[PDB]
Each structure stands twice: as structure tokens, then as C-alpha cells.
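Protein chains in written order, with this note's numbering: chain A, -15 to 486; chain B, -15 to 486; chain C, 192 to 694; chain D, 192 to 694. Ideal placement from N, C-alpha and C gives every residue a C-beta, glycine not left out. This report refers to the structure that appears directly beneath it.
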Amino acid sequence: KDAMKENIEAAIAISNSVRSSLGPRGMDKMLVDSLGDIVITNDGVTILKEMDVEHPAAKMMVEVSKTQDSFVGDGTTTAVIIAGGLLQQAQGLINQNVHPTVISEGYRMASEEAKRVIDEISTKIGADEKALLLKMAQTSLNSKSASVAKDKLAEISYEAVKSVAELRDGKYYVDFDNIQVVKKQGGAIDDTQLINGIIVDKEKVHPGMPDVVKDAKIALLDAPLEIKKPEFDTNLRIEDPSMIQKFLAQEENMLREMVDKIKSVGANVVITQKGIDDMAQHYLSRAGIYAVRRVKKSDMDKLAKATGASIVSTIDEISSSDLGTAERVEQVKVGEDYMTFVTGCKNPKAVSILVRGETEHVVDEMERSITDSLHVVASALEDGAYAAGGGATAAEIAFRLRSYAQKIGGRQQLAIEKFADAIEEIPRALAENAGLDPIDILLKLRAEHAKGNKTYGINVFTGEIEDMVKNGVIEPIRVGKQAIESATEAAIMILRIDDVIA
Amino acid sequence: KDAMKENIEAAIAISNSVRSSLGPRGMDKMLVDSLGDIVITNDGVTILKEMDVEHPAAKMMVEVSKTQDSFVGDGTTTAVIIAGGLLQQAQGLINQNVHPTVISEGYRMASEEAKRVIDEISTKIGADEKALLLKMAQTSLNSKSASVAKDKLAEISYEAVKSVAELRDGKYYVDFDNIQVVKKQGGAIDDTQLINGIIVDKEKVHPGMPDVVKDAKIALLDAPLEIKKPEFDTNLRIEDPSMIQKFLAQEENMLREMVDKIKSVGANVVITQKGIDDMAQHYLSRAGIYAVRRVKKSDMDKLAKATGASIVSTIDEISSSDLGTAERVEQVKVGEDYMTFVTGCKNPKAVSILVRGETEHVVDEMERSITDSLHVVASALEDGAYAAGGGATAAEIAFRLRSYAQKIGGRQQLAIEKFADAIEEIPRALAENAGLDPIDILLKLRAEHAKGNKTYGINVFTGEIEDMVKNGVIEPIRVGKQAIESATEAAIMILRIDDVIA
Amino acid sequence: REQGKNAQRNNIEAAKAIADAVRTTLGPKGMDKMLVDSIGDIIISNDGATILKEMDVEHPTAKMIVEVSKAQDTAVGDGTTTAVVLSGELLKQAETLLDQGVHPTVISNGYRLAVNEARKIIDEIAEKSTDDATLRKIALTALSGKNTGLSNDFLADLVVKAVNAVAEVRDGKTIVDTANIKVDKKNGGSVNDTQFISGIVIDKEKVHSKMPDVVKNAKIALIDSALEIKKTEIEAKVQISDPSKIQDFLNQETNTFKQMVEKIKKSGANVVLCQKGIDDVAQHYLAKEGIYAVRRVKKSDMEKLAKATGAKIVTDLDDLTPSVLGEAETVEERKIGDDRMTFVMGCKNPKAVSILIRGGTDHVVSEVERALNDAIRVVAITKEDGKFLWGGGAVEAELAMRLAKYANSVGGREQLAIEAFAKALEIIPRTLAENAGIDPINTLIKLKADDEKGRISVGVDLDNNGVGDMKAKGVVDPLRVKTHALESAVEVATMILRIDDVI
Amino acid sequence: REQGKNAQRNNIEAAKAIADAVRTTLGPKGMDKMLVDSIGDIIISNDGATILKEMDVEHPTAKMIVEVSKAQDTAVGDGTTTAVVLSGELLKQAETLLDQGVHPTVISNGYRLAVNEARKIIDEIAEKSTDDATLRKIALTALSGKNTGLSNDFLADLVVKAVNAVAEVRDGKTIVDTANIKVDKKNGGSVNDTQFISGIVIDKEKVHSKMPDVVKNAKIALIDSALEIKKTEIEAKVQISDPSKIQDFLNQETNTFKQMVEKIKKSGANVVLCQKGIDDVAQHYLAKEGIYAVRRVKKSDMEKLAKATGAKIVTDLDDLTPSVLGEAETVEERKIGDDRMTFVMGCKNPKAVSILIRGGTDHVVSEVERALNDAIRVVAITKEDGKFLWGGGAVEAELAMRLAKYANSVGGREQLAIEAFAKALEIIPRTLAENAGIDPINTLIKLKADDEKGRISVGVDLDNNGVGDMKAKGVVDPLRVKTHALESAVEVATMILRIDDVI
């Protein structure tokens, strides 16, 4: 009765704090934390992970609705919007004494039928690959503040994914450890570029190291370049003043040797996750080796893949088989900062995107936006099919559930019709957001789909129901399946709970 | 947006605090005030007038929903239930951006069409008068704690109204100043009786007055029996000790005279709204006059009608034309108390009901219940027609609005369909209250009415959809028209308000 | 505000609590309750109506049960404790049915079916008799668990005696106005000192010492007004310009009082009972003339005296004619305890008697009076109805057995409610067992058997320690009080059972 | 948390407030702001980036505008105040459109269309020239509203001179690393006392008195490590059992320091600049051997010196070969103000110079340095780009006129946004009018006419009291700073305009 009334309202509240961010006329959110950190975004996954939800129902709505399985396009915002719809509609049905178990069965079924409608009405990507994917990446950027440069960023998203995509069983596989995305402020959004190689935001460890090394043999380490102290308690016992010299000599010699090993195997560059002793820095420098230290592990993993190096933890046991390869490693100044560009890698399916923005908070959102585009085109390439956006595919599913409901008659049917009304939350949000009339757009939308117009959607620019694929507003088939998947699980979880206790 | 969200929720709250009291399986409410006064009732007019509503929206819901025009049967509880429905449904439509003005037009129209459906489907009372009205009065008592004695109380309600009903233009007119309802504890509910006359809960003013006077000539006064003091400042100036006697004599003589006038005109009984001086009480007593004082004005008005007396304020100018008539006036002990029964009145269309109950709070509710029955049968007799109860007539109206909506297509149509769903709040309440399944009863109810079963309703005893008139559950046509009238005005008023300011 | 289950379980709990407060007053072995306030103070009673009327009940639902103390038809003797205890049990037994899923209304319908049947069964089984002996058994039973001492048989006899003295026959039926029996008390000790007077006893002394201590063949004047100087209604001011006038004015007053007394003497009255005050000068001349006067007499007494002596209560002395005078053989003042009271005896109307209760402690004479009054009521009712019932839980046991069977002849849901009502009736025999200190569970087992073997009169016997024949022990209950105790209980239990929300 | 209108009107209000905080710093007649903290204390600047970086901004939306102080491409000279003031105006002008019913996104689209056009128009109208004379005009303009005195022409010349000294040509293009220009300050009064040194100036004195005051034909050793006694990594403890050993141990230390110095001498170095400390015994022997040493030299200086002298920064003295030594004609210590600084001159690499600023007050030498640094940046940028723009609001006025027309060639909603962007640009010429104390409204009227008559170079002239030709007065703005000030403003205004809820 009440535990439910409350849980449901807490949940719907989350649904509405995200609703206005859906689509081409969607707005962003500014989220300020207790520590004062600020995040301004349109990304529904960031908004949710950010907002401080207290109510346990809200925490669950957030967790389950997260579309966790993948964060492609606006799957999470769409999931959340539908969960709120499904929940709000369940409220009504419960007011009529429909047992929450019927409702959960109905939702479960309608959910299954809906995934089916999508597979059915979907469309395989054909000889149109390049044009389709571009249109997809633009649709995505269209929702973001990155729209401003959607055509250039879309090209970058396409080029990058296409470069790292493996066409295996006649199928495509895209490994993101081949795409390095780095952000640097102090440039316009247009200055964003695709570099064929791996950029690492770090500079040479010592001023005397070279700024460029052609045909680099890269040593990737995971251990620090320092003296090793025994594990058992150890003490030097000096009784002869003369040994004091011999001892310090032995230490410096240990470091000099470590460098000799790395260099003896042909290493040209040394990139470590850990530290490099000041004296070791001297030696590498003197040997003319370009070294960078305290590198990000994620950066290490990407360098290994592109250069074909193996990350070594036992310098002593290092060998040439372990060395990576690249046509050139060079320090370049990107704005204020100095970065290291490893170009012409052994593995050519290795790329980087240098995201620019004038301001910190601008460049942050640009990277968020570009990482979205990459996942959109990559999942479309992988799935092989696409569905029309603009609320077209949702209006269709809604249309096709109202039929199926009458086939699966009974009380289940009420839950199934309610599930259809909920899916219509998408076209409503889109209309509401663009400044159109929901109740008006909805009626026309239903008409077109009844008359078999599968791809008909909401053109928020003209404010007219048109062909979404013709106009290019299309999305990966995956976004819709997951969103309806996450949405129904989130709603069923709250629907089954009749009490909250500590 | 919010002022509305809040106003609507305040309103619906009132709707639900009354919902469980509707019908044969309805419960009562205990209302305790700040002064500690307690009222336990089923009467929706008393509940509303009683509950301490703070929110201005709630105060209006209460005022407008009050079905003020008449308090016949459960018109107010029904009105309130429908207003909450209409409001709750409007909430949804507004979530879809339907302008509150469309909704108000739609409600206004559907309201009109609904009154029409009722006139249409109603049924004139024919040669079946007695049996119909009895069945009506029982249906009413069925909701109350008076059910316990519904057959006896129904007979009393029928006999009483029939006695005072004037068949004018072939039509019936019932004047309630001919029905005196009085309550006295210390007897079972079965001890309730109909007395042919006017009972007044008062006893003779002086112990020496007669307990009975046959063929009474009743003097009805509105002035007190006391000495009249001039308007201008007045002082007796006594300079002779002998005048002291002559003065007091003159005063007593003034009172003795007042009594002589009343008695000279033939008066036998003297009933006053005001007071009677102790010496006047002596004189009346000595003249063998039965006098009662400080009588209720309402009681005065009823005595005038039944005896044909005129209420006099100028004793000096009293005349025999002013005297009322009755075959006998007598003091009788009713339980603990002594009452005055004026029997065999000049006007024979004058009746009384002595309501009994063991306890005070029991007898209170019995009178409330009986006053309801009287108004039910009286308004049926006056209107000349009746409509089936059990949610039959509401399920019909709902059925017939869903048609009419499609005729008056457009956005108005959505408001009209929502109005139909709201009317269905009645059968839902009834089902919910009896322990039946709402969603199940509703579906069967719609079926029967679709298949033309106008009089089909909810038999809460068997839990089956049957013919409500056959089973006898019927109500005056007036209850439904007013309830839908009050209900739509209450909802339109809240729907138009977009801000509340001090 | 409370809704649904919370509202109902709560209401039932409240009803049960107040029933517990009076429970132990039931029967021959009833206990007393001491009720203490702020100013007036302590009240010690066994009377259930008194206890409840005085109790400081807070809860609304409890304020409703307490209302039974005012239903004049029930609130006499154990009628009050019976109705309250039964409402409590009816609500308690209902709680079980509500738990199972039974609707409060069908439960209310069951109780209505049950009580209507019971009301029939008791008129069926009611024992007829107008036998003075049975009347005495009614009183003895009514005086059972009170702190009256051993004088009960003596009191019981007074009651029957008083009742039979004022009892009159209208068209074939005996009507007894208890208002004709004047009961009063005086702290003198003994109880056996209670007297039965054939006349009206008045707690008032003669106004003046020189007035006779006893008047024989009295022509009694009942007067409404004060025998004092009356001022006009319209303001009056006296203006004296002649020093000589002052005396005259002072004399008109004296002469005024002299005339008052002359008027009284002229009517032949030799006794004057005034409802108001009497000036000292008037007292002077009344005593001078030999008239016995009492002043500030209660209106209640004025009325009883007009009833007993045939006197007309007169306000204007000019209407004091020999026609309005009452008669009595003797009007005598005599000292009772520490006070001096006036005794008006041998009244014109024989249907008026008084009972002057004695007993000492004060707090005992009060309950004894409280007792004698109930006793008078019950004996009066029975005198009229001519029918009675067996006591000690005998009636309830019969009812519980029959309704248990009648339930079977009824439909499902209602049947449950009627079996619940049948169980509820056992709360009476059980309460008597518990109070006497005997085993409740086994007394009921025995009681059930005997009434089922057809032993209608077997109730709970303290002596036999368990059950026993009430017919032999003479424990009898009036009918009217029984039926109304059942009816009150049902009406009130239904009122409360129907509430699902308290705001 | 705030939603919708409340969230937006609020954000706009915030942006405007922070713009107001820097507004008056714009131009030749700019005012200063005094920023005071808790411990460090007072800062007085006209620099907008400094003011914002220091400001204690509370509001999130204001923290976002303040971020422009960090966009290295904008935060030079008036670039910061221009970007902030413009964001404020873009948000202010938007508020009107939001009020009419225009969607924040089409407003954002309008601004994007507008700024892209403007960026085109300015490259179109940009004036080319690598003329040292224009460079001087860039600096003079950059130093305009600062508390530098009248020495500006003298400073401007130093700037161009320094810039042209380190400027180098890569493949056909001139690249100028400003990091090769070492700017430092010393409180000695005068300002005209600022010197241009062909070498690296180091705020460090020679470690030991007996060391030469000047070294000619210097072979400079740059050393990373401390010339101190080093303890082993693995703990070491010395145990003496022979009283005689104590001396020996004390001597090994001395000999250790002696060898350090021997190694240094062996390489031919005669100057030692150490980034760390030098033990007193080492200082002893260094002075004894005639080597000039400085210690605890900043890494920044170590790096500039390695750059200028060709020396390799060495950590292990055993790798101190003549190959890693740098060269300079003279290394001399000379007293500047109250301090003694080391001057490394005639370095192997000529592309390294220093500017030793003087000026007294301390709080003036700081801003003057703050000034000279911006001036150096702007002159450096222009040296590279070879293009510039007319100052005094001339550029904005042209842009405002053109975009006002370009708006017409655009669709409804966007057109509105583009007319709003055109109005926003006028906030610059108006701010210069207001600051100079002249009538804003009339200056704009005049400015518009002249630029429309084709007078591209007409900006706001304080002298002519209104508008005037900037071409003649020589007020020129670098291009890069303009385009980025517009771009920053647009990107940030859009970020903020898009928020409809702050949680």
C-alpha cells in the first residue's frame, strides 16, 4: 500500500530529473558535490552516477536502470524514462486491485514481445556502411553540446572505429584498447583530431633526453628503476674507512647495470608505470634513451597492444622479444603541456583522438560526447543492423503491443497495454522537450504506424512526423533492446517490494 | 504545475476519507473535535461538515461537493467520490499537456450528456407506489447502522411521508414542517414509533397544571408572560407608606389580567417561546391551563401548522381566531423524561416519529438515518421516477459517454472518456467495500451494459451482477443528477486554479 | 486519525479496558472501587453506573461504552456491569472473525440475529409470579454484593413493603411510581434503625422554637413564595420629608408581615411549608399564632407533599383558600441522629411512604441508600411485569446453549457471528466464577451439562463451589433489565464495530 | 537544486556578476583591483587572468567563467577580460530570447553560426606585417592600462629586442620560444634601470667569498647532485675498535670532498652551477682551486642554462667529461639593488637573453613584470603569425555590422540569435567608452557610421573623445588572442545556456 506508494514516487522522481535531457532539444544538468566538484553533462550515465540519491528505491532505480551491459548512446536515459512510465502506470493498475504479480508477468511478456518487434522491424546495414554509420554518429552528437561540431566529430568517430575494427567471421569486432582518447584544453572544439598512434600525456623524465627517436624499440616496464633492498634485515658493517667508497660505488653500479641490460637488448625508449631513480635518469639520459615514468596502467596496456611489447616486471630477465616497435616516439607540445606521441606503431589498428575545448569543463564534456559516438558506431558495426530513431521504433513497438495484448487477453492484457503506454513516454519526452504538443504529435504518430509507417518519427526541427531513416536519425539496434530490458527489470523489482525495513 | 499538483492531492484526500462509507458494506467514521465532542456516522454530509480540513482546496472540495441543493440519500458521498475521480483523471491528462480549459469543457459536456442518460434510462413510479418506495427506503437504511431495523423504519418512513404529501397537480408536494422527528434514548431501536400528532420534548411549567386536556384550544405565544417596563426611564415615587401595598397589587394585577385575556378568549393550553413569570405560572395553574415555556422556534412553527394557530407577540391583542385546535394535549413520560404530545390536530397531515436507541450516540445516528429515509421516499414521490442502484446507472452512464465521446471527437473526447472512467469510481468503491474484486466486477459490469442490460448492478451480498430493480436496490432520480452536478463543478473549480496566494 | 485495522483493533482494545474496570463488581462477591477526585473527594461504590459516571475516561470509544450508565432501562443493579462486560466480550469475540476475513457488517448482522433470538428465548423461558415472596427474593438478590451488613432480609422486607404501599392498578395493570417512595438517610448508626414511615419525611426543622413540636389534624399550606418583604418590579424610591413618616414606614413593614400571617390563619392552615425563606418577623407572628412553619423546602419535597396531602402549591397568598390545603393526621418534629426532621404522617393519600436509612459511617449509609434505591427499582419493575429470570449466569448459559444450535440453522458467515455471540454470553458465568474465586473453566463445563440436561435454573453456586440450583437458593433477576442489558450491548458493539477510521 | 527558469535566470545572473568584477580593467584607462587574502596578503593587478585566478568565486556557474583564466590561448593581456565580459553579454542577450520563447539550443546554434562567421571575417580583414615597427605597436598597446609609468616606449623596445633575439626560423616559418627569454626583477628603483642582458641572469651569489668575482672564457659544469657526503641506501653503521680509526674516518670524509673537486677540475670546468647544496669543505676546496660555484640553483634555471651554454646536466661526477661542459665568455657576479646576482654572458647559444626589471615599490615591479610577460607573449605570437587587428573596439564594431547583415541571410529563429550575438559584440566598444568616462551611447552611434562608411580601423578614441582612427594612433591587437577570446566565450556561454537544472 504505502511502502509501494512511496517507493514508486521516489523512483519516478529520478525518471523526471533526467527526462528533459533526451534528444536534439535536450538540456544538460549541472551536478555540484559536497566537496564542491562540478560536472555539467547530458550523459545520463554520468548524471545518475553523480546525483546523490538517498531513498533506497531511488538507489535501485539508478543501479538497475543503468543499462550497465553497455553504455551506447542514450540507452540509460531511455531506460530510466521508460521505468518511470512503467511504474507510474502500475500505480494506476494497483489502484484497481490488480495483483503486482499479474503486472510483473504482463511486463515480462510485453518486454519479450518488444525485443521481438525490434529484431523484426530492424534493418541490416548494407553496402551503405559509411553513410549510415556517419548518420548514426551525428544523431548521437546531436543531443550533446558537441552538436556544434557534429560533422567533424562524426567523421573522427567513424575513421577511428573503422581503423580498429576486425572483420572476423565476415563479422566485425571492435577492441577499444586500440582507441586512445585524450583530452587537452586550450584549443577550439574544431581542433580535435585523430592521430594514427598512441598519445601519452607525459614528458621525458630528464631534460637531457632526446625530443624524438626514429625507429623506436620500446621497453615497457612495470617495475621501478631503483636499487633493490634485500627482504631479510640487512646492514652494511663498515670498520675500514676505505670501504665507504667501495660501497657507494657498488650501489651506483647496480643502477648503471640495470640501464646497461635494457640498453644491451636494443631498447631505445623506456616507459615505466613506476619510478626512475635520479641516477638512473642520468644514465638513461647519457645513453640517449627517451624515458617516461609513472605512466597510467591503462596507457601501458594500450602501448603494449600497439607496439607489441610485453610489460616486464623483472628487468634482469628482459629480452629483445619483449621490446615493442614504432616508427617514431617524440615529445610534442600540445598547448601548454608536453606529451609523448608514439607514432607508426607495429600494430596499425591503434589510434588516438586528441579532444580539444577552450575550458576544462568544456573539454570534459567533449570527451564524454566523443566516447559516446565511438560506442554508437562501434555497436552498429558489430550488431549489423539499425532501428529508426525519433520515437519511430517506440511508437511501432507500442502499436504492436496493443495488438498482442488482445491475443494474450485477460488481466495480463491490462499490464501489456500499460506497457505500451509507457513506451510512449519516449515520443512524449521528445515532443515535450522540443516545444511541440505531446498529445498532438502522439495522435499523428499512432496514425502513421497504424497505416504501416514503421519508420515514422518526430522531426523536432520541422515538428513533423516523417521517415526517420530518410532523414538519417537512426540508432544501433542494441540501444533499444537493452533500454527496454533494463527498464522492465527496474520496474519489476520495485513492484515486488511491499515493505522496507532496517 | 505544482499549485495544481498540490490542490488536486488535497482534494483527492477528502475523496478517500469518505470512499469506504459508500453502500451496504460501507463503514462509519468517528469524528472527535478539539472540545472533545464525538460524532460517529455514515452520513457523508455530517462527515464533511465535521472533518477539520485545513487546505483551501479541501475546504472548497467540501463546500462545492456538498450537493447542497438537497441531502437525499448518499448524494454527497457519491458526488465527492466522483470529484476525486474526475480530478485524479485530469492529473493524467495534464501530464500529457492537455490544457485545463479543454478538460473543463469536456467535463461540462459529459456532465450534460450524463444527466440526459439518466432522464432517459429512468423509470416512472406507477401503480407500484407503496412497494417501490418501501424498497427505496430500505436500500437507504441498508447503508446505515439502522439496517438492523430497516423493514420497520422503512414502513415508518413511508407512512410518515405519505401522510403529509399533497397530491396537487396530479403531482406530489411534501412539506417537512409537517414531520416532527424527535429522539429519546432508553429504548431499543425497535421501539421507534410514528405518532399521529406533534410531540414536543417539554413538560408543563408548573406542577399543579393538568396532565391532559381533551379538546384543546391552543394559544401559541412568542412573547414572555411578564410585567412590561416602560421604554422611557421610570421611577415609582413613594411618599405615603400606604402606596407600597397599592403598587405591588397593581403589578400582580397586570399579570393576573394577562392570564385573564388568554383565558377569556377560550385558550386551554399556552405554549410560549419565551418565559413565564412565576406568578403567571401560578395564575395559569389556578385557571387550569396547561402551559409549557421556552419552546424551540422550530417546534412553534410545526405546532402552528398542525393546530392552525397563529403565533402571537401581542398578548393584549390576542383573539380566538388565533387559537389552534387539537383533540388532546397530554404530558406522557417517555423513558426518563416528560414530553407533551399534541394529538388529533386540526391539520391531520401532521406527524411525529419518536426515535429510540439505548445510548445517546446510538439514538443520534438513528435520527440521522431516519431523516435520510424520509428525504429519499419524499424526493422519489416528488420526482415520480427512479433509477437503479448498485452501480447499474453509473455503469450505464459510463457506457453511454464512451459512445458520445467518439461523436464529439477531438481533445474534448479525451476529457469525456476520462469522465466515464471517473463515474466508474462508484462501482469500484462498492466492489472494494464489499470485499469483491473491482477489476473483475467492472469487466462483467461493462459486458452486461454493452449487451443492453441497463439495470444491471452489483449485488454485494451474492457478489453477482444482477437486475437491480428486480432485487429492489433503487434510488430517486434526483440523487444521481445532483451528485454528477456537484461533482463536476467541484472538479472544474480546482482545475481552473493555477495559483494560491494570500 | 487512525484507519482500518489500526483503528479497529484499537477501538476493541479500548472497549475491553473499560469493561475490565467494572468487571469485579459483578455478583454477591463483588468488590468496591474507590474513586477520588480533587475537591469533593472520595466515593466508594459497587454500583457500576456510579463508577462509570464518575470515571475519567479519556478515549472516545471508551466514552461510548460509558454511555450505557445513562440508559435508564439498563443502569439498575448489575445491569450496567452486565451490558459493559458483554460489549467488551462481543467486541473481543469479533476481533477473531475480523482476523479470519469476516466483514464487520455481517458480524453486526450475526449479532442482530443472535440478540433477536435471545430476546425471544427469554420471554419464552421467563418465569411468571407476582408473589410477594418472589419480590423479596428480587430485593435480596439486588442487595447481594453490597456493604450493607447482614440486615439484608430486613431491608428486602422494607422494599417490598414500600413498593406494595404505593403500587396501584390502572386498567387491569399494576403501575408503581417509585417517585412516591421517599428515601432519605441520616448518619445515626445501626442500619436496623432504618424506618418505614407512612408519610413524607422532610429533612427540615421548624423555623421557630416557640412553634409546636407536633400538630394533629393538620391543614397544610404549601407555599411557593418567600414570606418576606417584596419590592416592586419598576424601581421605587421612598422620600420622607416629615420625621414622623419614618416610623410609619417602618410600621407598614410590620403590618405587611402581620397580614401575611392573617391570610394564612384565615384559610385554616395550621402548618406552612414554604419553598423559600421566611422573614424573622413573619416567624414571630406565625409562632405567635401557633402555626408550625418550615422554610426553604426542596421543590422535589414540595411536589411529593402536594401529592401526598392533596395540597395545591400556591404562590399568591390571596389564592390561599381552604380548598388548596392538604391534610395529614400529624405533623411532628422529632430528632433523628443529630438533626431535627419534620414528619408529615397520615396523609390524605396513602400511596406515599418514606424510608429513613441509618448506618453511621456516612460512606456506608450512602451506598446502602444507593443499594436500597436499585432494590426499590428492581422490585418495582417486577411488581409490574410479573415475570423474572433465574440468576447466577443461569440465563446466559441457557442462551449460550440454544444460540449455539440456532447458529446451525443459519448461513455460513452469519453462523460464525452467532457462534461468537453464544461464546460471548459465557463471559457472565465465568466472571461470577472468577470473582467468587472458583475455577472458571470447570464451572462452565458443569454449567453447560446441567442446562443441556434441561436444568434451566442451574447457575453458579459459591456454596456448592461450582454450579447449583438458583431456584432453591432464590437468586432471581428481573426480566426488563436482562433484555435491555443484551440489547444495549449489541447496539453499542455494532456502533463501534462499524468504525474504520477515527479522525 | 533549481530547475528550469529559476535555474537559468540564476546562472545568467551569476555569469554577469563575475564579468562585472573585471569589466573596469579593460583598456588604456583600466583600473586595478586589490585582492587581499589571510596570510600571503595583498595583490594589486590590472591583469584579468590574475584577478580571476585569485578571486574567491563561490557560485558554480561563476567558477565556470573563471576557467577562462586558464585557457592559455586567451589569457594574455585583455584576452581574459574580453572573453569574460563577452560571455556575460552573450548570456545576458540570450535571456531576452529565452523570454520570447526561443529554445536554448537554437540560441546556441545561432551563436555557433555567428562565431564561425566572425572567425572568417577577421581572417579576411586581418592586417599582415612582420614589421618590427608593428611589433613595437603591439607591445605599446599591451602595456597601455598598467602602472608602468611613462617608460613604456623604453619597455616596448626591450620586448621587440628580446623577441627578435631568440626568434628562429624552422621550415620557412618563424618560431619564438618565449622560454628562452629569462625575465626577472629586482626592487632597485627607476624602471628605466631595466636591463637587456645577452645571457642568463641568475638570482644567486657565489657560495664562497674567496671565489673570483668574474670568470672569463668559462667552461661551465651543470650539476644535478649535492656536493655533500652521501650515505648508502642499505643502512650502514661504522664500528671503531681502535682509537686511531676515528681520525682516519674523519679524514676519509675530507678526502672524499677533495676528490669531488679533483674530478671537477679534471674536466676543465672553472664554474660549477649546482642545483643542490655544496658542503662547506667542498666550498673550501673549490675556492682554493679557483672555481666559481653557485648552489641550490632552480631547475628552471638549470634547464635554461643548459640550453644557453650547451652544457649537459650531469648527476654522476664520473661522467663529468669536457664534452658535457657549457661555454660562456664571462661569468661574473655583480650587485643588483641589495642582492648579488650571477651573470652568465656570451653563451655558446645566442638565442637566450634576460630582462632584469627594476622599479622599487615591489608591488609595482611585480605588475610591471606581469606586464612585460604579457607583452612578450603578444609580441611573440604576432612575430609568428605575421598578422594583427585594429584595436579600440574597431574589430568588434566591424563584426557587429557584418553579422547584423549575415543574420538576414539566415532562418527565423537562428537569425534572432545572430542579431543577439551582433549586439553582444558592442559590449566591448561600450566598455571602453565607459571606462574612459565618455558617453557610451553616442560613441557607439559614431563608431557604427564610420565602420559602415568603410572605415575598418576606427576604434574608440579617448583623445578625440569618441571615435578615431586606430591606424594613426597605432592601437593593435594580435589575431590569435581575438579569435580565441570569441571562441572561449561562445563555448562557455553554450555550456551554461544548456543547463536547466542544477542539483
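Item, Value
"Simplified DSSP state of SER1 (chain A), which is helix, strand or coil", "helix"
"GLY154 (chain B) - containing beta strand (DSSP E), residue span", "Segment: none, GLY154 (chain B) is in no beta strand (DSSP E) and carries neither H nor E."
"DSSP three-state assignment for residue 489 (chain A), whether helix, strand or coil", "Residue 489 (chain A) is absent from the structure shown; chain A starts at -15 and stops at 486."
"Residues within the region 172 to 198 of chain B neighbouring chain C, beta-carbon criterion of under 7 Å", "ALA172, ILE173, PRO191 and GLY192"
"Closer than 7 Å to chain C by CB, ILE228 (chain B)", "yes"
"Whether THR506 (chain C) touches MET284 (chain B) by CB criterion (7 Å)", "no"
"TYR440 (chain A) - partner residues in DSSP beta bridges", "A:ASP451"
"Chain B within 7 Å of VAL64 (chain A), Cβ atoms only", "no"
"Beta strand (DSSP E) segment containing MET493 (chain C), residue limits", "Not the beta strand (DSSP E): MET493 (chain C) falls in the alpha helix (DSSP H), residues 490 to 500."
"Counted within 10 angstroms of its Cβ, other Cβ atoms place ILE485 (chain B) as buried (16 or more) or exposed", "exposed"
"Where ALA233 (chain A) falls, given that 16 or more other Cβ within 10 Å makes a residue buried", "exposed"
"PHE231 (chain A) (DSSP reduced to helix, strand or coil)", "helix"
"Own chain partners of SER363 (chain B) with C-beta closer than 6 Å, once the 5 adjacent residues on each side are dropped", "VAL56, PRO460 and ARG462"
"The region 426 to 438 of chain C / the region 566 to 584 of chain C touching (three or more Cβ pairs under 8 Å)", "no"
"Host beta strand (DSSP E) of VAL351 (chain D) (start-end)", "Unbroken run through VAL351 (chain D) is the alpha helix (DSSP H), 343 to 357; no beta strand (DSSP E)."
"Cβ of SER679 (chain C) within 7 Å of any chain B Cβ", "yes"
"Cβ of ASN81 (chain B) within 7 Å of any chain A Cβ", "yes"
"Alpha helix (DSSP H) runs contained entirely in the region 285 to 310 of chain B, provided each spans 4 or more residues", "none"
"Limits of the unbroken alpha helix (DSSP H) element including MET45 (chain B)", "40 to 49"
"At least 3 beta-carbon pairs within less than 8 Å: the region 61 to 69 of chain A vs the region 86 to 100 of chain A", "no"
"Beta carbon proximity, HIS250 (chain D) to chain A, threshold 7 Å", "no"
"Selected residue, minimal CA-CA separation from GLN169 (chain A), among D:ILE687, D:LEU226, D:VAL683 and D:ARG689", "D:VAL683"
"Contact set between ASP421 (chain B) and chain A, taken where Cβ atoms lie within less than 9 Å", "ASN81"
"C-alpha gap between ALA595 (chain C) and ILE609 (chain C), whole angstroms", "7 Å"
"Interface partners of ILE233 (chain C) on chain B, CB under 9 Å", "What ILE233 (chain C) touches in chain B: nothing, since even the nearest Cβ is about 26 Å away."
"Below-7 Å beta-carbon distance, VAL693 (chain C) vs any chain B residue", "yes"
"Start and end residues, beta strand (DSSP E) containing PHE387 (chain D)", "386 to 388"
"Selected residue, minimal CA-CA separation from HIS294 (chain C), among B:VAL316, B:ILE211, B:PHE445 and B:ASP451", "B:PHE445"
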